[PDB]
Structure formats: C-alpha cells, structure tokens
2 protein chains.
Amino acid sequence: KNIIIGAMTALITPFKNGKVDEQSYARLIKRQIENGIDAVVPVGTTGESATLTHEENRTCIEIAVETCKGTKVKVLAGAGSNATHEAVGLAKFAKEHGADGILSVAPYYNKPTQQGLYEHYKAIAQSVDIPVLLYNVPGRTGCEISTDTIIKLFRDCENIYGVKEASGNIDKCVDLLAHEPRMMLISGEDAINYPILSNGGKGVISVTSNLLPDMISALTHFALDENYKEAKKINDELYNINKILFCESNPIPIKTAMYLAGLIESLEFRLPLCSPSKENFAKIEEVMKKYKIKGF
Amino acid sequence: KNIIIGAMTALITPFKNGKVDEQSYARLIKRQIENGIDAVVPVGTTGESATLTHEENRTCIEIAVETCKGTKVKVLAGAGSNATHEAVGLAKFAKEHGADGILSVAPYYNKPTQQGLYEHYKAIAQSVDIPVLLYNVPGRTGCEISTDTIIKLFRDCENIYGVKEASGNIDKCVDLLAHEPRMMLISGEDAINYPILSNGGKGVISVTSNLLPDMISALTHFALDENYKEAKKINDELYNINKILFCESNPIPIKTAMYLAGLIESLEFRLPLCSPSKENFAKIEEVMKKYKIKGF
Ligand SMILES: NCCCC[C@@](N)(CC[C@](N)(CCCCN)C(=O)O)C(=O)O
Ligand SMILES: [Mg+2]
Ligand SMILES: [Mg+2]
Ligand SMILES: [Mg+2]
Ligand SMILES: [Mg+2]
C-alpha cells in the first residue's frame, strides 16, 4: 500500500476579519516544513473544518499542496464528512488538486452502524486512487470505528492504509496491531504519542506540533529509529503542554498559544468556537514558558 | 414568550431512488395531523438532516408548512448546525417560509464551550422573531448544554423558550425546572416521556409517534391535563417499542418499522445510514405485533 506516515501536523486555520488568512496559512505551513514535519493535514478538526465552507475547505487544501511543492512534505487533506456524498466529493477534489492522501473522520452526529461505516469508507476509497487514513475520535463524533471494521476496510480496500486514533484506548491500539500488523496506526492524541509509537504506530497527527514542530518531529523520528529512551523523554517533557492544549476544546487552546507566541496576528475563531476563559488563557500562557518555541 | 409545546413528531424523511419522496412526506404529515399531533419537526435527527442538502432541508420545511395550513398543527423546523453561520441561515429561511418556530441542535463534532454555546444560540435567536427551542443530545453531539447555559439563554433571549432534552438524565430535568420553572422542557427520549412530563415538562418531540401518533398524542395530552395515571399507562405500554426503536441508531429502526407497516414504500437511507441487520430487522417486526398501527 501507498502510505503517508511520520510526524504530521493538524494545521490550525488562521482567520483575519472572519476570512481565511491565506498568507498566514502558507507562512505557517512553511514553518512546519522547515522544522522537520513530514506531512501537513489541512482542515482537520484542529483546522475548524466544521465552520469552513466547502469552498474554503478546498482553498486550504490548495494552499497546502502548493506550499509543499518541491519538498518532501506530504499533504494529507482533511476530507471527511458525516454525509457520504459530501465525503466522496471532498475526497475527489483533494485527489484532483494534488493532495498526497486524505484524512477522513468517522461520521459525526448521525451515528452510523459498523455496516454503515464500512459502506461509507468503501464508497470514499473507491472514488479516488490516493491513500485514505481513517480517523476515529468517538468523543467528538458519537460513534466508534471498531477494530473489526477498521481491519476489514484495510483488507478490502486497496488505498485504506491505517487509522488515526484519538480514543485514549491503548487496549484498542494493541488489538489493532496484534491482529493486523500491516496497517499504519497514527497517534491522534499528543499525550500518548510515544506509547502508540512504541507499540508499532508509525506516526502522529499532532496538535502540539503547531506550536512545537521540532519537538514533535524529533520525538517521532527517535521513535521510528527505535531510540525509545529519547522519544519517551520528549513525550514526558511535552506532557504538560500536551494536556493544557485541551483545557478547553481543541483548537481553542492551540490557537491561543499560537497567538501568544506571535505566530498568528489575531485570536479569531468562527462561532460556535470562541476565545478561552481568562483563567485558561493564563494557564496556557504559563505552561508555554517551559518550552522553546521556534519563530519563522 | 411565544411557545410551541404538546405532542410533536420528529418526522422521518422517506427516500425513493435516492430522492426525497415529497408525496410520501406530505401523506405522512397528514397522518400525524389526523392522529392528534400538535406540531411536526421536519428535518431533525430522525429526518436525516445530516445527509440532506441545504435545499432538501428547505424543501421539507415548505412541505410541512403547506400540509399544516388550515390546521392547528405547528411546524417546528429543524434548523440547527455545528456552524453558527449555517444555523443562522437555516433559521432565517425557516422564518421566511412560514415555520412557527425552530428546533436548533447543539453544535456537533466541534465541541463548543459553554460560552460558545451561549454566543451560538444568541446569534440564532437575534436573527428571527419566532420561538427557538434548544436541543441537547450529548450522545450524538459530543457536548452538553449545561443547565446554567440553558437558563441564561432562556432569560436573556426573548424567543428562546425551552429545550428538547435527549440526555437520559432526569436529575438535569429536575435541575432545569426547579431553578427556571417558566421554561418549556420537552422530552426527546420516548421511553421517559411520562417522567419528564410529570415533572412539569410540557411536550415531547417523538420518534415513536412516527409509527404510533395516536398513542404518543394521547399520552402527552393526558399528562398535560394532569391525568398522570392514564399517561403512565400509555408510557408503560410503549416501553418495548420505545426501546426497540433504538436497537440500532435512530432513524434506522423507525424507518424499518414504517416500511414493515406499509407506511413507506421503500426502506431507503442515505449513507452512512443503511438497513439494519437481519436480526434487528426481525426484532423490530416482533415488537410491532403488540401494537395497533394506524394507517392513512
Ligand atoms: N468541511 C466543510 C463542510 C462543513 C459542513 C458541516 N458544517 C455541516 C455538514 C452537514 N452534513 C450539512 C447538512 C446540511 C443540511 N442540514 C451537517 O450539518 O450535518 C460539517 O460537516 O461540519
Ligand atoms: Mg476482536
Ligand atoms: Mg535515523
Ligand atoms: Mg443560572
Ligand atoms: Mg447548578
């Protein structure tokens, strides 16, 4: 299978006067490239996919593809939806406009059954010829892609190559790789990046890497080389910021941190997301002081 | 406040060859009117709002409004979204096209904070002058509108008049009405329709009423008349079907039951929803035999 692995960043989407700041977006992607990141994920959960239009979703994918041209860095385009016809349309656009693969979140809100999840992802995978990474985050979607469903999709669909797990369930990570060791398990939960990698995971799709791309890149690379002492050390050092970046719903803390570090010009969200509380703003700022934050 | 209460039905959306069957939809709404229902909810969760287009969402609202003309039956239009700009647009269309109020589900997937939920619903409420019913269903959305947020929105926004609760939490129902007895608490959980009504709830937005509108209407109207003995009797009689209608994710079982009863011509969903397993298909058919299902 064609795969996209390694250290990856779920890119925030900066806004300026309620509009996608397209110049800042490219600048942020360049900073990720220059700090050892291997793939960028435009318009994931962290990129506020819910509140972008279908057009803006497509624009951000285009900026990512163009910015990564001439580099090793891959574009794993966020193209999921809770409507299969929407997810197929987004996947086809990403393929047609040069994305290296797609990240496709499990349908949210409408809670498909395991059979429905299978047909949803089968329709997506058969619509394009680029790699497809499943994305399980039951705390946000209200449903769970079971291990059996993931493994069936991996075995039945040529371009489905793994899953980004954001479920706080290391038991399931063992279940997945013990029964199907050929899939690419990707950490979608920064605090447990190292445990997932040490069990045979092959990458991360990170929130923290927006702020600290060099540290997340180093962690991942040490781990892929089985330098587990060094990878665990970085995972341990990162625990405090990894947790504080979820003191409110992601991406509220990470956008706050990027603003505090001078990496984005305005702390703007699209409703229903908004600025954090004054207390949490201060806690984010306090934890940031422990870490060395790369500029541009 | 202007309010919309009583026995209400979360309408299924019938499909024929992947298209909204508009004639079947109007016929189903008339059947609800003829069986004592006080309001209908087009394109809620049960109506597969997630997989309808914005335009099909607008078409079903028009059919509901047109079918209810010349009757007391109100149209409480499903107009929620996880993007505030989407929810405002849906609310404005519903108002402009004759809906009596809107049902607005809490944002799904992106998990707004309580502050974000407040600003989300304030923006919706300030965009129209018709009643707005909040809708809390954390098992599907991944977030919870707290009692404090619900009460603040009720007190601060003239047209926010209550909440549809589908959270399996009778403690919260006590919390809501003990601190704000002026709001309209609406049951969104058929099995516990009577306990919510007996605590001062003023209506239901029902899945089961799709199949048994006369029984849900009678239950609610008995309760509103403080004939709690007769209301509980119907609630107890309905428990078996109330639970089997969630043996798979709603609306998979209710559409299956409507098809088995001959009320819709095809068992068609839009992916990622699909037909139930053969076992659950048989379980639904078995539970239905206990009940008298009205025709057209
Ligand atoms: N990534 C950009 C697209 C965002 C669209 C949407 N906000 C809503 C998606 C939708 N399926 C639209 C249904 C519209 C008819 N009610 C949903 O709200 O479930 C989402 O998927 O979060
Ligand atoms: Mg097993
Ligand atoms: Mg090496
Ligand atoms: Mg209060
Ligand atoms: Mg309290």
# chains A, B, ... in the order shown; residues from 1 in each chain; ligands from 1
call {"tool": "interface_residues", "arguments": {"of": "chain A", "to": "chain B", "cutoff": "9 Å", "atoms": "only C-alpha atoms", "output": "JSON list (two decimals) with C-alpha atoms, in the first residue's frame"}}
result
[["chain", "number", "residue", "atom", "x", "y", "z"],
["A", 45, "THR", "CA", -10.69, 19.08, 13.49],
["A", 48, "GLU", "CA", -12.05, 24.15, 12.22],
["A", 49, "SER", "CA", -13.35, 22.06, 9.33],
["A", 50, "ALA", "CA", -16.90, 22.38, 10.69],
["A", 51, "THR", "CA", -17.13, 26.14, 10.19],
["A", 52, "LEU", "CA", -15.26, 26.47, 6.91],
["A", 82, "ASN", "CA", -20.97, 12.80, 8.17],
["A", 83, "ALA", "CA", -22.66, 12.59, 4.74],
["A", 84, "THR", "CA", -21.10, 10.03, 2.41],
["A", 85, "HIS", "CA", -21.88, 12.03, -0.74],
["A", 86, "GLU", "CA", -20.14, 15.04, 0.84],
["A", 107, "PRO", "CA", -19.27, 10.43, 10.51],
["A", 108, "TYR", "CA", -20.29, 12.66, 13.39],
["A", 109, "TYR", "CA", -23.77, 13.23, 14.87],
["A", 110, "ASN", "CA", -25.72, 10.68, 12.81],
["A", 111, "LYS", "CA", -24.02, 7.65, 14.43],
["A", 112, "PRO", "CA", -23.78, 5.08, 11.61],
["A", 113, "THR", "CA", -23.61, 1.39, 12.46],
["A", 115, "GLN", "CA", -22.05, -1.78, 8.49],
["A", 116, "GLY", "CA", -22.72, 1.85, 7.60],
["A", 117, "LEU", "CA", -19.16, 2.88, 8.49],
["A", 118, "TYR", "CA", -17.89, 0.12, 6.20],
["A", 119, "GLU", "CA", -20.01, 1.27, 3.24],
["A", 120, "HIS", "CA", -19.20, 4.94, 3.94],
["A", 121, "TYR", "CA", -15.45, 4.33, 3.75],
["A", 138, "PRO", "CA", -15.57, 8.94, 19.40],
["A", 139, "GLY", "CA", -15.60, 11.76, 21.95],
["A", 140, "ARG", "CA", -16.33, 14.18, 19.10],
["A", 141, "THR", "CA", -18.34, 12.02, 16.68],
["A", 142, "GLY", "CA", -20.52, 9.93, 18.98],
["A", 143, "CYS", "CA", -19.54, 6.71, 17.18],
["A", 248, "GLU", "CA", -10.81, 23.83, 26.51],
["A", 249, "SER", "CA", -11.95, 22.17, 23.30],
["A", 250, "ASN", "CA", -9.25, 21.95, 20.66],
["A", 251, "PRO", "CA", -8.39, 24.14, 18.75],
["A", 270, "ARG", "CA", -15.62, 31.11, 13.95],
["A", 271, "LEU", "CA", -18.63, 30.58, 16.19],
["A", 272, "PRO", "CA", -19.55, 28.38, 17.98],
["A", 273, "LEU", "CA", -15.84, 28.39, 18.87],
["A", 274, "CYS", "CA", -14.57, 31.41, 20.79],
["A", 275, "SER", "CA", -11.75, 32.67, 22.99],
["A", 276, "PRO", "CA", -10.94, 30.75, 26.19],
["A", 277, "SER", "CA", -11.72, 31.97, 29.67]]
call {"tool": "residues_around", "arguments": {"residues": "range 239-241 of chain B", "least_positions_apart": "2", "cutoff": "9 Å", "atoms": "only C-alpha atoms", "output": "PyMOL selection string"}}
result
chain B and resi 190-192+208+234-237+243-246+284+287-288+290-291
call {"tool": "write_last_selection", "arguments": {"atoms": "C-alpha atoms", "output": "mmCIF file, in the first residue's frame"}}
result
data_model
loop_
_atom_site.group_PDB
_atom_site.id
_atom_site.type_symbol
_atom_site.label_atom_id
_atom_site.label_comp_id
_atom_site.auth_asym_id
_atom_site.auth_seq_id
_atom_site.Cartn_x
_atom_site.Cartn_y
_atom_site.Cartn_z
ATOM 1 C CA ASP B 190 -39.610 8.458 24.160
ATOM 2 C CA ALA B 191 -39.058 5.834 26.873
ATOM 3 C CA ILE B 192 -39.115 8.527 29.563
ATOM 4 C CA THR B 208 -42.213 6.594 18.218
ATOM 5 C CA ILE B 234 -49.526 4.512 27.828
ATOM 6 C CA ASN B 235 -45.870 5.188 28.662
ATOM 7 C CA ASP B 236 -45.545 1.700 30.177
ATOM 8 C CA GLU B 237 -47.347 0.082 27.237
ATOM 9 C CA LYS B 243 -36.532 0.776 23.269
ATOM 10 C CA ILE B 244 -36.514 -1.411 20.149
ATOM 11 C CA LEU B 245 -36.686 1.751 18.033
ATOM 12 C CA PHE B 246 -33.106 2.316 19.208
ATOM 13 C CA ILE B 284 -38.389 -4.779 15.240
ATOM 14 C CA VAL B 287 -42.124 -5.911 18.879
ATOM 15 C CA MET B 288 -44.524 -4.266 16.403
ATOM 16 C CA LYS B 290 -48.002 -5.910 20.227
ATOM 17 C CA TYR B 291 -49.246 -2.562 18.873
#
call {"tool": "residues_near_ligand", "arguments": {"ligand": "ligand 3", "cutoff": "10 Å", "atoms": "only C-alpha atoms and all ligand atoms", "output": "list in words"}}
result
residues 221, 222, 223, 224, 225, 226 and 227 of chain A
call {"tool": "closest_residue", "arguments": {"among": "B:152, B:9, B:24, B:205", "to": "ligand 4", "atoms": "only C-alpha atoms and all ligand atoms"}}
result
B:152
call {"tool": "residues_around", "arguments": {"residues": "residue 206 in chain A", "least_positions_apart": "3", "cutoff": "12 Å", "atoms": "only C-alpha atoms", "output": "ChimeraX atom specification"}}
result
/A:6-12,32,37-41,44-47,164-166,186-193,203,209-217,219-220,242,245,250-251,254
call {"tool": "write_last_selection", "arguments": {"atoms": "N, CA and C atoms", "output": "compact mmCIF listing (two decimals), in the first residue's frame"}}
result
# COMPACT_ATOMS: atom_id res chain seq x y z
N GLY A 6 4.89 9.20 9.62
CA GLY A 6 5.83 10.13 10.20
C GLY A 6 5.15 11.21 11.03
N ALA A 7 5.89 12.29 11.27
CA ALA A 7 5.40 13.39 12.10
C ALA A 7 4.53 14.31 11.26
N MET A 8 3.27 14.47 11.66
CA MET A 8 2.32 15.25 10.89
C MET A 8 1.62 16.26 11.79
N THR A 9 1.18 17.35 11.19
CA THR A 9 0.58 18.46 11.91
C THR A 9 -0.85 18.68 11.44
N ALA A 10 -1.80 18.67 12.38
CA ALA A 10 -3.17 19.10 12.09
C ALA A 10 -3.19 20.62 12.14
N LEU A 11 -3.08 21.24 10.97
CA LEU A 11 -2.87 22.68 10.88
C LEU A 11 -4.06 23.47 11.42
N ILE A 12 -3.79 24.47 12.26
CA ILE A 12 -4.82 25.47 12.56
C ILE A 12 -5.09 26.29 11.31
N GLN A 32 6.29 24.76 9.45
CA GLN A 32 6.22 23.32 9.72
C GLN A 32 7.23 22.57 8.88
N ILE A 37 8.72 18.52 9.89
CA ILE A 37 7.43 17.85 9.77
C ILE A 37 7.36 17.17 8.41
N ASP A 38 6.77 15.98 8.38
CA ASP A 38 6.72 15.13 7.20
C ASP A 38 5.42 15.24 6.41
N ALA A 39 4.34 15.66 7.05
CA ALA A 39 3.08 15.83 6.35
C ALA A 39 2.28 16.88 7.10
N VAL A 40 1.42 17.58 6.37
CA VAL A 40 0.51 18.54 6.97
C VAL A 40 -0.90 18.09 6.65
N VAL A 41 -1.81 18.34 7.59
CA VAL A 41 -3.21 17.97 7.45
C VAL A 41 -4.01 19.26 7.39
N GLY A 44 -8.44 19.64 9.26
CA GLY A 44 -8.91 18.63 10.18
C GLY A 44 -9.78 19.26 11.24
N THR A 45 -9.99 18.52 12.33
CA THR A 45 -10.69 19.08 13.49
C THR A 45 -9.99 20.35 13.97
N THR A 46 -8.66 20.28 14.09
CA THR A 46 -7.87 21.41 14.56
C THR A 46 -7.94 22.60 13.61
N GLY A 47 -8.23 22.35 12.34
CA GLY A 47 -8.38 23.41 11.37
C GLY A 47 -9.78 23.98 11.26
N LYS A 164 -6.04 7.01 12.23
CA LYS A 164 -5.61 7.97 13.23
C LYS A 164 -6.49 7.84 14.47
N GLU A 165 -5.95 7.28 15.55
CA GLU A 165 -6.73 7.02 16.76
C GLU A 165 -6.65 8.16 17.77
N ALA A 166 -7.82 8.69 18.13
CA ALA A 166 -7.95 9.72 19.16
C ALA A 166 -9.02 9.27 20.16
N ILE A 186 -1.76 5.63 13.56
CA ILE A 186 -1.29 7.00 13.71
C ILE A 186 -1.87 7.57 14.99
N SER A 187 -1.01 8.15 15.83
CA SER A 187 -1.50 8.75 17.06
C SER A 187 -2.23 10.06 16.77
N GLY A 188 -3.46 10.17 17.25
CA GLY A 188 -4.19 11.42 17.19
C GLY A 188 -4.38 12.03 18.57
N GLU A 189 -3.50 11.68 19.50
CA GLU A 189 -3.61 12.11 20.90
C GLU A 189 -2.19 12.38 21.41
N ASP A 190 -1.80 13.66 21.43
CA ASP A 190 -0.39 14.02 21.62
C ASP A 190 0.19 13.43 22.91
N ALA A 191 -0.59 13.44 24.00
CA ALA A 191 -0.05 13.00 25.28
C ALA A 191 0.45 11.56 25.23
N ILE A 192 -0.11 10.73 24.36
CA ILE A 192 0.28 9.33 24.33
C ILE A 192 0.93 8.99 22.99
N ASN A 193 1.57 9.98 22.37
CA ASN A 193 2.30 9.74 21.12
C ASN A 193 3.31 8.61 21.29
N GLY A 203 3.37 7.00 13.16
CA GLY A 203 3.33 8.44 13.01
C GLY A 203 2.36 9.07 13.98
N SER A 209 2.29 20.06 17.62
CA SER A 209 3.29 20.39 16.60
C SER A 209 3.01 21.73 15.92
N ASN A 210 1.78 22.24 15.99
CA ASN A 210 1.53 23.60 15.52
C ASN A 210 2.45 24.58 16.23
N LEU A 211 2.64 24.38 17.54
CA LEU A 211 3.46 25.27 18.35
C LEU A 211 4.90 24.80 18.43
N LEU A 212 5.12 23.49 18.56
CA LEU A 212 6.46 22.93 18.79
C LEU A 212 6.77 21.86 17.75
N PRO A 213 6.85 22.23 16.46
CA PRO A 213 7.04 21.20 15.42
C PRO A 213 8.35 20.46 15.52
N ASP A 214 9.42 21.13 15.94
CA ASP A 214 10.72 20.48 16.05
C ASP A 214 10.71 19.40 17.13
N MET A 215 10.01 19.64 18.24
CA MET A 215 9.97 18.65 19.31
C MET A 215 9.14 17.44 18.91
N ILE A 216 8.00 17.66 18.26
CA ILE A 216 7.17 16.55 17.81
C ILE A 216 7.88 15.77 16.72
N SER A 217 8.55 16.48 15.81
CA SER A 217 9.31 15.81 14.77
C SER A 217 10.42 14.96 15.38
N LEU A 219 10.62 13.67 18.43
CA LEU A 219 10.01 12.56 19.12
C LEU A 219 9.67 11.41 18.18
N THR A 220 9.00 11.75 17.10
CA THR A 220 8.60 10.76 16.14
C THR A 220 9.79 10.05 15.48
N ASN A 242 0.99 19.22 26.29
CA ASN A 242 0.05 18.35 25.59
C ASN A 242 -1.32 18.34 26.25
N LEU A 245 -3.16 22.05 26.21
CA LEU A 245 -3.75 22.38 24.92
C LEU A 245 -5.15 21.80 24.75
N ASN A 250 -10.13 21.70 21.79
CA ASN A 250 -9.25 21.95 20.66
C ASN A 250 -10.09 22.38 19.46
N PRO A 251 -9.66 23.40 18.69
CA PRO A 251 -8.39 24.14 18.75
C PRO A 251 -8.38 25.46 19.53
N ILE A 254 -4.82 25.76 21.32
CA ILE A 254 -3.66 25.86 20.44
C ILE A 254 -3.66 27.18 19.67
call {"tool": "select_by_dssp", "arguments": {"residues": "range 251-287 of chain A", "states": "alpha helix (DSSP H)", "output": "MDAnalysis selection string"}}
result
chainID A and resid 252:260 278:287
call {"tool": "write_last_selection", "arguments": {"atoms": "C-alpha atoms", "output": "mmCIF file, in the first residue's frame"}}
result
data_model
loop_
_atom_site.group_PDB
_atom_site.id
_atom_site.type_symbol
_atom_site.label_atom_id
_atom_site.label_comp_id
_atom_site.auth_asym_id
_atom_site.auth_seq_id
_atom_site.Cartn_x
_atom_site.Cartn_y
_atom_site.Cartn_z
ATOM 1 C CA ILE A 252 -9.243 26.868 21.290
ATOM 2 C CA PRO A 253 -6.043 26.409 23.367
ATOM 3 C CA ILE A 254 -3.660 25.857 20.438
ATOM 4 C CA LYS A 255 -4.869 28.954 18.578
ATOM 5 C CA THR A 256 -4.494 30.827 21.867
ATOM 6 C CA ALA A 257 -0.924 29.547 22.210
ATOM 7 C CA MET A 258 -0.059 30.420 18.603
ATOM 8 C CA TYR A 259 -1.379 33.941 19.197
ATOM 9 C CA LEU A 260 0.561 34.305 22.451
ATOM 10 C CA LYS A 278 -9.362 34.469 31.263
ATOM 11 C CA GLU A 279 -8.211 31.769 33.695
ATOM 12 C CA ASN A 280 -7.431 29.261 30.939
ATOM 13 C CA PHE A 281 -5.739 31.952 28.846
ATOM 14 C CA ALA A 282 -3.381 32.463 31.790
ATOM 15 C CA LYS A 283 -2.809 28.727 32.292
ATOM 16 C CA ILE A 284 -1.913 28.273 28.611
ATOM 17 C CA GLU A 285 0.481 31.239 28.784
ATOM 18 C CA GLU A 286 2.102 29.853 31.940
ATOM 19 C CA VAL A 287 2.738 26.364 30.536
#
call {"tool": "residues_near_ligand", "arguments": {"ligand": "ligand 5", "cutoff": "12 Å", "atoms": "only C-alpha atoms and all ligand atoms", "output": "count of residues only"}}
result
17
call {"tool": "atom_distance", "arguments": {"atom1": "CA of residue 67 in chain B", "atom2": "CA of residue 25 in chain B"}}
result
9.5 Å
call {"tool": "atom_distance", "arguments": {"atom1": "CA of residue 168 in chain B", "atom2": "CA of residue 136 in chain B"}}
result
10.6 Å
call {"tool": "select_by_dssp", "arguments": {"residues": "range 26-113 of chain B", "states": "strand (DSSP E or B)", "output": "number ranges by chain"}}
result
B: 39-41, 74-78, 101-105
call {"tool": "write_last_selection", "arguments": {"atoms": "N, CA, C and O atoms", "output": "compact mmCIF listing (two decimals), in the first residue's frame"}}
result
# COMPACT_ATOMS: atom_id res chain seq x y z
N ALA B 39 -47.62 19.40 16.74
CA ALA B 39 -46.61 20.04 15.91
C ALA B 39 -45.76 18.96 15.25
O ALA B 39 -45.67 17.83 15.75
N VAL B 40 -45.17 19.29 14.11
CA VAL B 40 -44.26 18.37 13.44
C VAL B 40 -42.90 19.03 13.32
O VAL B 40 -42.78 20.26 13.19
N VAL B 41 -41.86 18.21 13.38
CA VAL B 41 -40.48 18.67 13.28
C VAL B 41 -39.89 18.13 11.98
O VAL B 41 -39.46 16.97 11.93
N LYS B 74 -48.54 23.03 14.31
CA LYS B 74 -47.45 23.96 14.06
C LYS B 74 -46.26 23.22 13.44
O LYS B 74 -46.13 22.00 13.54
N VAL B 75 -45.39 23.99 12.79
CA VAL B 75 -44.17 23.45 12.20
C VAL B 75 -43.01 24.02 12.99
O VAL B 75 -42.77 25.24 12.97
N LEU B 76 -42.30 23.15 13.70
CA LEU B 76 -41.10 23.49 14.45
C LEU B 76 -39.93 22.97 13.62
O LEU B 76 -39.57 21.79 13.71
N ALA B 77 -39.35 23.84 12.80
CA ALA B 77 -38.42 23.42 11.76
C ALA B 77 -37.06 23.07 12.34
O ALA B 77 -36.49 23.83 13.12
N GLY B 78 -36.51 21.93 11.92
CA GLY B 78 -35.14 21.60 12.25
C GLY B 78 -34.21 22.55 11.52
O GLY B 78 -34.17 22.55 10.28
N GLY B 101 -41.71 27.96 14.45
CA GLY B 101 -40.55 28.07 15.31
C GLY B 101 -39.45 27.20 14.75
O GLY B 101 -39.61 26.58 13.69
N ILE B 102 -38.33 27.16 15.45
CA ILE B 102 -37.21 26.33 15.03
C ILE B 102 -36.71 25.48 16.19
O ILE B 102 -36.72 25.90 17.35
N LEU B 103 -36.29 24.26 15.87
CA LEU B 103 -35.53 23.40 16.75
C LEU B 103 -34.07 23.47 16.33
O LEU B 103 -33.76 23.28 15.15
N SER B 104 -33.18 23.77 17.27
CA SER B 104 -31.78 24.07 16.94
C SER B 104 -30.87 23.19 17.79
O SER B 104 -30.63 23.50 18.97
N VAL B 105 -30.32 22.13 17.19
CA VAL B 105 -29.49 21.18 17.92
C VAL B 105 -28.17 21.83 18.34
O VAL B 105 -27.64 22.71 17.65
call {"tool": "closest_residue", "arguments": {"among": "A:2, A:23, A:167, A:59", "to": "ligand 1", "atoms": "only C-alpha atoms and all ligand atoms"}}
result
A:59
call {"tool": "residues_around", "arguments": {"residues": "range 68-70 of chain B", "least_positions_apart": "5", "cutoff": "8 Å", "atoms": "only C-alpha atoms", "output": "count of residues only"}}
result
4
call {"tool": "closest_residue", "arguments": {"among": "B:218, B:153, B:61, B:207", "to": "ligand 4", "atoms": "only C-alpha atoms and all ligand atoms"}}
result
B:153
